[PDB]
Structure formats: C-alpha cells, structure tokens
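A.B. asks: What follows is entry_39.txt, made up of compact mmCIF, C-alpha atoms:
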```txt
# COMPACT_ATOMS: atom_id res chain seq x y z
CA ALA A 1 160.46 118.32 91.86
CA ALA A 2 158.48 115.78 93.88
CA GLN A 3 159.20 114.62 97.43
CA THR A 4 157.29 111.43 98.13
CA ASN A 5 155.96 110.57 101.59
CA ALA A 6 156.39 114.17 102.69
CA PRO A 7 155.00 115.60 105.93
CA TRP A 8 151.35 116.45 105.41
CA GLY A 9 151.94 120.20 105.70
CA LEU A 10 154.46 120.26 102.86
CA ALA A 11 152.08 118.27 100.67
CA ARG A 12 149.26 120.63 101.67
CA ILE A 13 151.10 123.78 100.61
CA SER A 14 151.56 122.44 97.06
CA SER A 15 148.03 121.04 96.70
CA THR A 16 144.54 122.25 95.85
CA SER A 17 143.17 119.43 98.05
CA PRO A 18 143.88 117.94 101.47
CA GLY A 19 144.73 114.29 101.86
CA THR A 20 147.81 113.89 99.66
CA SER A 21 151.36 113.09 100.70
CA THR A 22 153.74 114.29 97.94
CA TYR A 23 155.29 117.78 98.04
CA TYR A 24 155.78 119.42 94.63
CA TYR A 25 158.03 122.45 94.21
CA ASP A 26 160.38 124.20 91.81
CA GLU A 27 163.91 122.84 92.15
CA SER A 28 165.33 126.33 92.76
CA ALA A 29 164.09 125.60 96.31
CA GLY A 30 164.84 129.03 97.80
CA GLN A 31 168.49 129.02 96.70
CA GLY A 32 169.98 132.48 97.14
CA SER A 33 167.45 133.55 99.79
CA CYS A 34 167.99 133.73 103.54
CA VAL A 35 165.62 133.06 106.44
CA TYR A 36 166.31 134.25 109.97
CA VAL A 37 164.72 132.06 112.65
CA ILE A 38 164.34 134.24 115.74
CA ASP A 39 163.75 131.71 118.49
CA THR A 40 165.53 129.34 120.94
CA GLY A 41 168.40 128.76 118.47
CA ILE A 42 169.08 126.12 115.82
CA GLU A 43 171.02 122.86 116.11
CA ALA A 44 172.99 123.66 112.97
CA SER A 45 174.90 120.34 113.10
CA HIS A 46 171.70 118.40 112.39
CA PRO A 47 172.28 116.42 109.15
CA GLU A 48 168.91 117.71 107.92
CA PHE A 49 170.38 121.22 107.52
CA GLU A 50 173.26 120.09 105.26
CA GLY A 51 175.57 122.90 106.36
CA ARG A 52 173.05 125.59 105.35
CA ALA A 53 172.21 126.61 108.95
CA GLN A 54 174.28 128.71 111.31
CA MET A 55 173.83 130.64 114.53
CA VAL A 56 174.58 134.35 114.11
CA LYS A 57 173.49 135.83 117.46
CA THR A 58 172.56 134.91 121.01
CA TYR A 59 171.68 136.95 124.10
CA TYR A 60 172.44 134.04 126.49
CA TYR A 61 175.43 131.97 127.63
CA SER A 62 175.20 129.74 124.54
CA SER A 63 173.89 129.98 121.01
CA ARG A 64 172.90 126.31 121.11
CA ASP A 65 169.24 125.30 121.07
CA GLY A 66 168.72 123.58 124.42
CA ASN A 67 164.94 123.48 123.88
CA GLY A 68 164.17 122.13 120.39
CA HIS A 69 161.51 124.66 119.39
CA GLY A 70 163.82 126.79 117.23
CA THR A 71 165.33 123.72 115.58
CA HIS A 72 161.83 122.45 114.75
CA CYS A 73 160.78 125.77 113.22
CA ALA A 74 164.04 126.03 111.25
CA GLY A 75 163.46 122.51 109.96
CA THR A 76 160.05 123.50 108.59
CA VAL A 77 161.60 126.52 106.85
CA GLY A 78 164.51 124.77 105.21
CA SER A 79 165.53 121.24 106.20
CA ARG A 80 166.08 118.72 103.40
CA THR A 81 163.18 116.45 104.42
CA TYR A 82 160.92 118.64 106.54
CA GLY A 83 161.42 122.04 104.91
CA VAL A 84 159.52 124.18 102.43
CA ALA A 85 162.60 125.94 100.96
CA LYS A 86 165.15 123.16 100.88
CA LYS A 87 168.09 125.25 99.58
CA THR A 88 167.66 128.46 101.59
CA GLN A 89 170.29 129.71 104.02
CA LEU A 90 169.14 129.61 107.66
CA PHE A 91 170.39 132.08 110.28
CA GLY A 92 169.59 131.56 113.96
CA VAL A 93 169.03 134.42 116.41
CA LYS A 94 168.56 133.12 119.97
CA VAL A 95 166.21 135.55 121.72
CA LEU A 96 164.52 132.81 123.78
CA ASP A 97 166.18 130.85 126.57
CA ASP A 98 166.20 127.06 126.75
CA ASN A 99 162.85 127.13 128.56
CA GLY A 100 161.38 128.96 125.56
CA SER A 101 161.03 132.30 127.38
CA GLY A 102 162.41 135.73 126.55
CA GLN A 103 162.04 139.33 127.62
CA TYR A 104 160.43 141.72 125.14
CA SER A 105 163.52 143.94 125.32
CA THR A 106 165.65 141.02 124.10
CA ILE A 107 163.17 140.11 121.37
CA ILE A 108 163.13 143.74 120.15
CA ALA A 109 166.93 143.79 120.11
CA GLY A 110 166.89 140.59 118.05
CA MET A 111 164.57 142.09 115.45
CA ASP A 112 166.69 145.21 115.09
CA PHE A 113 169.73 142.93 114.89
CA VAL A 114 168.27 141.13 111.86
CA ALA A 115 167.40 144.42 110.15
CA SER A 116 171.10 145.35 110.26
CA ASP A 117 172.71 141.91 110.05
CA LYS A 118 171.18 141.11 106.67
CA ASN A 119 173.65 143.67 105.29
CA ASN A 120 176.42 141.27 106.40
CA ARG A 121 174.95 138.29 104.52
CA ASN A 122 174.63 137.24 100.88
CA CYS A 123 170.92 136.97 100.10
CA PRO A 124 170.55 138.08 96.48
CA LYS A 125 167.03 136.63 96.24
CA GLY A 126 165.80 138.28 99.45
CA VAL A 127 165.49 138.00 103.20
CA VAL A 128 162.76 136.54 105.44
CA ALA A 129 162.36 136.43 109.22
CA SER A 130 160.28 133.80 111.02
CA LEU A 131 159.00 134.74 114.51
CA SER A 132 157.29 131.79 116.21
CA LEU A 133 156.85 133.72 119.45
CA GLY A 134 154.70 136.33 121.13
CA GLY A 135 152.95 137.58 124.22
CA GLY A 136 150.50 140.26 125.25
CA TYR A 137 150.02 143.46 123.28
CA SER A 138 153.04 145.77 123.18
CA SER A 139 153.32 148.78 120.90
CA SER A 140 157.12 148.59 121.18
CA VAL A 141 157.20 144.95 120.04
CA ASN A 142 154.87 145.72 117.13
CA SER A 143 157.01 148.71 116.17
CA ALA A 144 160.14 146.54 116.13
CA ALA A 145 158.42 144.06 113.81
CA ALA A 146 157.28 146.96 111.62
CA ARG A 147 160.86 148.28 111.43
CA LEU A 148 162.20 144.86 110.46
CA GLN A 149 159.61 144.61 107.67
CA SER A 150 160.28 148.20 106.54
CA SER A 151 164.01 147.43 106.31
CA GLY A 152 163.36 144.93 103.49
CA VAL A 153 162.67 141.66 105.34
CA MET A 154 159.55 139.55 104.84
CA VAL A 155 158.38 139.17 108.46
CA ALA A 156 156.15 136.20 109.30
CA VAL A 157 154.80 135.97 112.86
CA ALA A 158 152.71 133.44 114.76
CA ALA A 159 149.11 134.41 115.49
CA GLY A 160 149.25 132.75 118.92
CA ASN A 161 147.74 129.68 120.55
CA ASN A 162 144.98 131.12 122.74
CA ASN A 163 141.91 130.41 120.55
CA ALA A 164 141.36 134.16 120.84
CA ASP A 165 141.49 137.32 118.76
CA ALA A 166 145.13 138.00 117.85
CA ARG A 167 144.54 141.77 118.18
CA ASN A 168 145.58 141.38 121.84
CA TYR A 169 148.97 139.76 121.14
CA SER A 170 152.32 140.98 119.81
CA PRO A 171 153.89 140.89 117.32
CA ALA A 172 150.77 139.11 115.94
CA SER A 173 148.73 142.34 116.02
CA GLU A 174 151.20 144.43 113.97
CA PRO A 175 149.36 145.23 110.70
CA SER A 176 152.42 145.50 108.46
CA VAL A 177 153.80 141.98 109.05
CA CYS A 178 152.38 138.62 107.97
CA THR A 179 150.36 137.07 110.81
CA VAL A 180 149.92 133.31 110.47
CA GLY A 181 147.16 131.11 111.88
CA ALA A 182 147.23 127.30 112.04
CA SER A 183 145.20 124.57 110.31
CA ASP A 184 145.10 120.77 110.51
CA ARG A 185 145.36 117.98 107.96
CA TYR A 186 141.57 117.97 107.43
CA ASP A 187 141.51 121.70 106.59
CA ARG A 188 140.05 122.66 109.97
CA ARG A 189 141.23 125.65 111.94
CA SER A 190 143.56 124.25 114.58
CA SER A 191 141.79 124.07 117.94
CA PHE A 192 144.27 126.46 119.58
CA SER A 193 144.78 128.89 116.70
CA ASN A 194 144.13 132.55 117.30
CA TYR A 195 141.91 134.32 114.77
CA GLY A 196 140.71 137.82 113.91
CA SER A 197 141.05 140.53 111.31
CA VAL A 198 144.81 140.87 111.89
CA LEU A 199 145.49 137.39 110.47
CA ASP A 200 146.77 137.39 106.90
CA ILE A 201 147.04 133.67 106.15
CA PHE A 202 146.81 130.15 107.56
CA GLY A 203 149.43 127.44 107.32
CA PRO A 204 149.75 123.83 108.52
CA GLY A 205 150.12 123.83 112.29
CA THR A 206 148.68 120.64 113.83
CA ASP A 207 150.90 117.54 114.06
CA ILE A 208 153.89 118.89 112.13
CA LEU A 209 156.93 116.63 111.81
CA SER A 210 160.30 118.41 111.77
CA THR A 211 163.83 118.39 113.16
CA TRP A 212 164.58 118.32 116.89
CA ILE A 213 167.68 118.62 119.03
CA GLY A 214 169.98 115.65 119.49
CA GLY A 215 169.85 114.96 115.76
CA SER A 216 166.26 113.77 116.12
CA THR A 217 162.75 114.50 114.79
CA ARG A 218 159.31 114.91 116.32
CA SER A 219 155.79 116.08 115.56
CA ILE A 220 154.39 119.05 117.53
CA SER A 221 151.58 121.58 117.07
CA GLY A 222 151.19 125.34 117.21
CA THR A 223 150.96 128.54 115.28
CA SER A 224 154.74 128.33 115.81
CA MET A 225 154.67 125.48 113.26
CA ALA A 226 152.45 127.28 110.74
CA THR A 227 154.64 130.40 110.69
CA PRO A 228 157.77 128.72 109.22
CA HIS A 229 155.68 127.15 106.45
CA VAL A 230 154.80 130.70 105.39
CA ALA A 231 158.35 132.02 105.91
CA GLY A 232 159.78 129.19 103.81
CA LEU A 233 157.10 129.74 101.17
CA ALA A 234 158.03 133.44 100.98
CA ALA A 235 161.71 132.57 100.52
CA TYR A 236 160.81 130.06 97.80
CA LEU A 237 158.59 132.56 95.95
CA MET A 238 161.19 135.34 96.26
CA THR A 239 163.84 133.04 94.75
CA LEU A 240 161.46 132.40 91.84
CA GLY A 241 161.20 136.18 91.37
CA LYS A 242 157.43 136.11 91.78
CA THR A 243 157.35 138.58 94.69
CA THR A 244 159.49 140.71 97.01
CA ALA A 245 159.93 141.04 100.77
CA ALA A 246 157.57 144.02 100.82
CA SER A 247 154.85 142.32 98.77
CA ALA A 248 155.17 138.62 99.66
CA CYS A 249 152.49 138.47 102.35
CA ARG A 250 149.98 140.07 100.00
CA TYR A 251 151.09 137.79 97.16
CA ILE A 252 150.68 134.70 99.34
CA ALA A 253 147.17 135.89 100.24
CA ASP A 254 146.43 136.63 96.54
CA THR A 255 147.47 133.12 95.51
CA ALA A 256 146.16 131.16 98.52
CA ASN A 257 143.59 128.39 98.49
CA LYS A 258 140.42 130.33 99.37
CA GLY A 259 137.38 129.26 101.34
CA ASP A 260 138.62 125.73 102.04
CA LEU A 261 139.07 125.85 105.84
CA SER A 262 136.38 125.01 108.38
CA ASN A 263 135.68 126.75 111.71
CA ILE A 264 137.01 130.10 110.48
CA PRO A 265 135.20 132.80 112.51
CA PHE A 266 133.25 135.42 110.60
CA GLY A 267 135.66 138.27 109.90
CA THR A 268 138.84 136.15 109.73
CA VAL A 269 140.37 135.38 106.33
CA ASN A 270 139.75 131.90 104.93
CA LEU A 271 143.08 131.62 103.12
CA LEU A 272 145.52 128.69 103.16
CA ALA A 273 149.12 129.14 101.98
CA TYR A 274 149.71 127.58 98.55
CA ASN A 275 152.76 127.57 96.28
CA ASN A 276 150.78 127.34 93.00
CA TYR A 277 153.49 125.10 91.59
CA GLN A 278 152.49 123.38 88.35
CA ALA A 279 154.80 120.41 87.78
```
Starting from the file, lay out its structure as structure tokens.

C.D. replies:
Amino acid sequence: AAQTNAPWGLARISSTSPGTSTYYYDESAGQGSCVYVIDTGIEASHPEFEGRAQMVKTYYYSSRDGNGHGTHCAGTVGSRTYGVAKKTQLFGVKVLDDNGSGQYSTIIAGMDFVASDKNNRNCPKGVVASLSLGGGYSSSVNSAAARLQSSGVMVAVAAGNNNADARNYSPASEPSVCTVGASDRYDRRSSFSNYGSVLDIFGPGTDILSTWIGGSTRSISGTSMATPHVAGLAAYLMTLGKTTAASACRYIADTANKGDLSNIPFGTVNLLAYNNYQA
C-alpha cells in the first residue's frame, strides 16, 4: 500500500533515503495487534482513530486527554493518516495529568496494569506499549518497565530530551526495553535527543504531524514523537509474523538503516527504524 503526501516520518520509516513523501507498507497494517499508549490519555472520538482507540484506565478524575500529548503519540502509532500501524487497536492508560506530569508511583502502577490488562484484550498478533515519558534515574521505574517487557509486551520508551546520556533517565536506562532516540527529516540527530549506549534505535522526532485534541492536528517535536513510530513499527512487524514482543527491538535494530544519521556521538548506535517493505 502507498499513502501519498504522508508525514515525513512515515515516509522515512519505509525508505532507504531521506527526502521522500510517500509511505509504503503492507496492507495488514497491524491488524490483530494492540498498542497501549501510556500517557495523558487519548481523544478516542477523533475521526482519525476510526473507532479503534479506547481509554482503558485513568488515575485521575477523567480519562480524557486534556493535554494533547497522548493523542499525538497515539496518532503516530495508529491513526489513519498519521499512523504507522493503521489498523492496530489502541488502548489509552492515563498516568499523566493534563499538565503532562505524573508521579513515578502512578506510572509504575500503569505499567503493571498493562501487563495484566492485556489478558483482558484480544491481541492475537501481539501487544506493544509506548511510553513517551520519563524522568531521573529510578531502579523501581526501570524494574516496572522490565516486568512489562517480561510479561510479553514490546516496550518502547523515549530516550529523553536533554541532549544528554540516557543512562541517567528512567525508563530510558532500562536495558531490556527498547529505548528510542529522535532524528530529523535530514537524517540528523534531533538537537534535543538524548544519546548513549542504552539507546537501541532512532525514529523520526523533529516536526512530526499527528492528531491533537479538539479533533485537530499539529506538528511537535520530541523523543516522545520518535517512540510511537517504533511502537507502531513493532505492532506492524508482529502482525506480519516477522518478530515477537520479546525479539522485536532486536529485529528492528537488525533491519534498521545503518550509518545514515549525522551527529551521532561515538558509542551510540547509528540505526534508524525501517520497515523493509518491498512494494
């Protein structure tokens, strides 16, 4: 399948070269997979989600996304126009308030929630969790991410936006999950992207168009935007049967575009997520 005039990041993930604008992907499109977006919520009524999104959990007075961040990330995972995996099922877990903040204890509870809640959902092709969040190093936060991964969920986490080594941030620094840095449309490391040995992969993160609250759209930047590209890619590849939740991060690294990014510090992987789809 070909989506013309796609957002640059979608075109990038199906291309061996920057500078194109059509996204190419297998029409299975993540059908039968599920992606949990653990964030500020999801505006599930947005036409871009086509009934495939729903809120399953909140720790606050509403499950609605009063911020936009979670809706944007969910759109990059699975919206019809802005998403990588256009037929996946999206489940929202609101661990962040409408200012985008959340206590680590709440975030940990949300991760353990997903590890159990997947047993209440139909995801025959597999389960992914996208975590566009983080703060300073916490062994308890890392352990929660490790448990979620161990339970059979492909966990993708943001590297962070400090232009610093991600070893000092959580859940970015957890070795067993997939830690995602950000790149721009010219294949440069995004100016804010964290780096370091704990990164597994880069995805598009600068000037990413996606869904927003109020039935709208906007372009924003962050490792928060790169992470759902990788989460959606994992769901898409799992639906194709090419990999599993336990092996998807490694498979994405195996099949990535290699050595194509600029300003990658010595010791950080130079790997850009790529779907290897041959139309």

A.B. asks: Measuring atom to atom with all atoms listed in the file, identify which of A:250, A:46, A:87, A:229 is nearest to residue A:183.

C.D. replies: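 Distance minimum relative to residue A:183 lands on A:229.
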
A.B. asks: Please enclose the listed atoms of stretch 98-116 of chain A in an axis-aligned box, pad each side by 4 Å, and write out the centre and the three edge lengths in Å, rounded to one decimal, as lines of an AutoDock Vina configuration file.

C.D. replies:
```
center_x = 165.8
center_y = 136.2
center_z = 119.4
size_x = 18.7
size_y = 26.3
size_z = 26.4
```

A.B. asks: Compare A:217, A:223, A:127, A:73 by their minimum atom-to-atom distance to residue A:166, counting all atoms listed in the file, and give me the closest one.

C.D. replies: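 Ranking A:217, A:223, A:127, A:73 by distance to residue A:166, first place goes to A:223.
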
A.B. asks: May I ask which of the residues A:33, A:45, A:67, A:101 is the closest one to residue A:86, counting only C-alpha atoms?

C.D. replies: A:33

A.B. asks: Which of these, A:279, A:154, A:93, A:11, has the shortest distance to residue A:203 once you count only C-alpha atoms?

C.D. replies: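 Looking only at the distances to residue A:203, the closest residue turns out to be A:11.
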
A.B. asks: Take atom CA of residue A:88 and atom CA of residue A:235 and report the distance between them in Å, one decimal.

C.D. replies: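 Between atom CA of residue A:88 and atom CA of residue A:235 the gap is 7.3 Å.
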
A.B. asks: Kindly indicate which residue among A:146, A:69, A:138, A:132 lies nearest to residue A:230, using only C-alpha atoms for the distances.

C.D. replies: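 Ranked by minimum distance to residue A:230, first place goes to A:132.
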
A.B. asks: For residue A:257, which residue among A:3, A:114, A:39, A:13 is the nearest when counting all atoms listed in the file?

C.D. replies: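 Using all atoms listed in the file, the shortest distance to residue A:257 belongs to A:13.
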
A.B. asks: What is the distance between atom CA of residue A:181 and atom CA of residue A:159, in Å to one decimal?

C.D. replies: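 Answer for the atom CA of residue A:181 to atom CA of residue A:159 separation: 5.3 Å.
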
A.B. asks: Rebuild N, CA, C and O atoms on stretch 46-68 of chain A, as a PDB file, keeping the file's coordinate frame?

C.D. replies:
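Everything below was put into rebuild-v9.pdb:
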```
ATOM      1  N   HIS A  46     172.634 119.443 112.783  1.00  0.00           N
ATOM      2  CA  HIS A  46     171.700 118.400 112.390  1.00  0.00           C
ATOM      3  C   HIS A  46     171.909 118.060 110.918  1.00  0.00           C
ATOM      4  O   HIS A  46     171.947 118.968 110.079  1.00  0.00           O
ATOM      5  N   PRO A  47     172.069 116.778 110.567  1.00  0.00           N
ATOM      6  CA  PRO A  47     172.280 116.420 109.150  1.00  0.00           C
ATOM      7  C   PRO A  47     171.215 116.976 108.226  1.00  0.00           C
ATOM      8  O   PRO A  47     171.496 117.239 107.049  1.00  0.00           O
ATOM      9  N   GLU A  48     170.002 117.182 108.735  1.00  0.00           N
ATOM     10  CA  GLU A  48     168.910 117.710 107.920  1.00  0.00           C
ATOM     11  C   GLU A  48     169.180 119.110 107.384  1.00  0.00           C
ATOM     12  O   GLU A  48     168.550 119.500 106.394  1.00  0.00           O
ATOM     13  N   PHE A  49     170.104 119.866 107.987  1.00  0.00           N
ATOM     14  CA  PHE A  49     170.380 121.220 107.520  1.00  0.00           C
ATOM     15  C   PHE A  49     171.505 121.290 106.493  1.00  0.00           C
ATOM     16  O   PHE A  49     171.643 122.316 105.815  1.00  0.00           O
ATOM     17  N   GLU A  50     172.308 120.233 106.365  1.00  0.00           N
ATOM     18  CA  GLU A  50     173.260 120.090 105.260  1.00  0.00           C
ATOM     19  C   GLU A  50     174.276 121.228 105.213  1.00  0.00           C
ATOM     20  O   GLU A  50     174.738 121.606 104.134  1.00  0.00           O
ATOM     21  N   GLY A  51     174.627 121.799 106.360  1.00  0.00           N
ATOM     22  CA  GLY A  51     175.570 122.900 106.360  1.00  0.00           C
ATOM     23  C   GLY A  51     174.982 124.250 106.014  1.00  0.00           C
ATOM     24  O   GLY A  51     175.725 125.240 105.993  1.00  0.00           O
ATOM     25  N   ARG A  52     173.684 124.333 105.738  1.00  0.00           N
ATOM     26  CA  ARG A  52     173.050 125.590 105.350  1.00  0.00           C
ATOM     27  C   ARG A  52     172.530 126.398 106.534  1.00  0.00           C
ATOM     28  O   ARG A  52     172.011 127.500 106.321  1.00  0.00           O
ATOM     29  N   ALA A  53     172.651 125.894 107.761  1.00  0.00           N
ATOM     30  CA  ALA A  53     172.210 126.610 108.950  1.00  0.00           C
ATOM     31  C   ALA A  53     173.405 127.077 109.761  1.00  0.00           C
ATOM     32  O   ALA A  53     174.428 126.392 109.833  1.00  0.00           O
ATOM     33  N   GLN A  54     173.259 128.233 110.397  1.00  0.00           N
ATOM     34  CA  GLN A  54     174.280 128.710 111.310  1.00  0.00           C
ATOM     35  C   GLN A  54     173.643 129.658 112.314  1.00  0.00           C
ATOM     36  O   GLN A  54     172.689 130.370 111.993  1.00  0.00           O
ATOM     37  N   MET A  55     174.184 129.651 113.529  1.00  0.00           N
ATOM     38  CA  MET A  55     173.830 130.640 114.530  1.00  0.00           C
ATOM     39  C   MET A  55     174.623 131.923 114.297  1.00  0.00           C
ATOM     40  O   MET A  55     175.842 131.883 114.093  1.00  0.00           O
ATOM     41  N   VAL A  56     173.926 133.056 114.284  1.00  0.00           N
ATOM     42  CA  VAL A  56     174.580 134.350 114.110  1.00  0.00           C
ATOM     43  C   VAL A  56     174.503 135.243 115.343  1.00  0.00           C
ATOM     44  O   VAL A  56     175.238 136.241 115.399  1.00  0.00           O
ATOM     45  N   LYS A  57     173.648 134.941 116.317  1.00  0.00           N
ATOM     46  CA  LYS A  57     173.490 135.830 117.460  1.00  0.00           C
ATOM     47  C   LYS A  57     172.796 135.095 118.590  1.00  0.00           C
ATOM     48  O   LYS A  57     171.854 134.335 118.359  1.00  0.00           O
ATOM     49  N   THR A  58     173.262 135.345 119.811  1.00  0.00           N
ATOM     50  CA  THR A  58     172.560 134.910 121.010  1.00  0.00           C
ATOM     51  C   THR A  58     172.664 136.006 122.057  1.00  0.00           C
ATOM     52  O   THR A  58     173.607 136.802 122.055  1.00  0.00           O
ATOM     53  N   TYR A  59     171.680 136.040 122.955  1.00  0.00           N
ATOM     54  CA  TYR A  59     171.680 136.950 124.100  1.00  0.00           C
ATOM     55  C   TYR A  59     171.911 136.208 125.414  1.00  0.00           C
ATOM     56  O   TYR A  59     171.779 136.812 126.487  1.00  0.00           O
ATOM     57  N   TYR A  60     172.311 134.937 125.348  1.00  0.00           N
ATOM     58  CA  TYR A  60     172.440 134.040 126.490  1.00  0.00           C
ATOM     59  C   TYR A  60     173.823 133.387 126.468  1.00  0.00           C
ATOM     60  O   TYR A  60     174.631 133.614 125.563  1.00  0.00           O
ATOM     61  N   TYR A  61     174.086 132.532 127.466  1.00  0.00           N
ATOM     62  CA  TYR A  61     175.430 131.970 127.630  1.00  0.00           C
ATOM     63  C   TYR A  61     175.838 131.055 126.484  1.00  0.00           C
ATOM     64  O   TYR A  61     177.030 130.769 126.338  1.00  0.00           O
ATOM     65  N   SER A  62     174.888 130.574 125.687  1.00  0.00           N
ATOM     66  CA  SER A  62     175.200 129.740 124.540  1.00  0.00           C
ATOM     67  C   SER A  62     174.290 130.133 123.397  1.00  0.00           C
ATOM     68  O   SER A  62     173.206 130.682 123.611  1.00  0.00           O
ATOM     69  N   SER A  63     174.745 129.870 122.180  1.00  0.00           N
ATOM     70  CA  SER A  63     173.890 129.980 121.010  1.00  0.00           C
ATOM     71  C   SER A  63     173.211 128.663 120.660  1.00  0.00           C
ATOM     72  O   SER A  63     172.402 128.621 119.727  1.00  0.00           O
ATOM     73  N   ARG A  64     173.518 127.596 121.387  1.00  0.00           N
ATOM     74  CA  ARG A  64     172.900 126.310 121.110  1.00  0.00           C
ATOM     75  C   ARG A  64     171.425 126.309 121.491  1.00  0.00           C
ATOM     76  O   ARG A  64     170.996 126.968 122.440  1.00  0.00           O
ATOM     77  N   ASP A  65     170.651 125.516 120.758  1.00  0.00           N
ATOM     78  CA  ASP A  65     169.240 125.300 121.070  1.00  0.00           C
ATOM     79  C   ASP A  65     169.162 124.189 122.116  1.00  0.00           C
ATOM     80  O   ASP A  65     169.312 123.007 121.796  1.00  0.00           O
ATOM     81  N   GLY A  66     168.937 124.563 123.375  1.00  0.00           N
ATOM     82  CA  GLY A  66     168.720 123.580 124.420  1.00  0.00           C
ATOM     83  C   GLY A  66     167.268 123.227 124.631  1.00  0.00           C
ATOM     84  O   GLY A  66     166.952 122.489 125.572  1.00  0.00           O
ATOM     85  N   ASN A  67     166.372 123.720 123.773  1.00  0.00           N
ATOM     86  CA  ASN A  67     164.940 123.480 123.880  1.00  0.00           C
ATOM     87  C   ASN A  67     164.418 122.551 122.800  1.00  0.00           C
ATOM     88  O   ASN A  67     163.800 121.523 123.102  1.00  0.00           O
ATOM     89  N   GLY A  68     164.680 122.876 121.532  1.00  0.00           N
ATOM     90  CA  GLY A  68     164.170 122.130 120.390  1.00  0.00           C
ATOM     91  C   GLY A  68     163.234 122.943 119.519  1.00  0.00           C
ATOM     92  O   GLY A  68     163.166 122.713 118.309  1.00  0.00           O
TER      93      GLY A  68
END
```
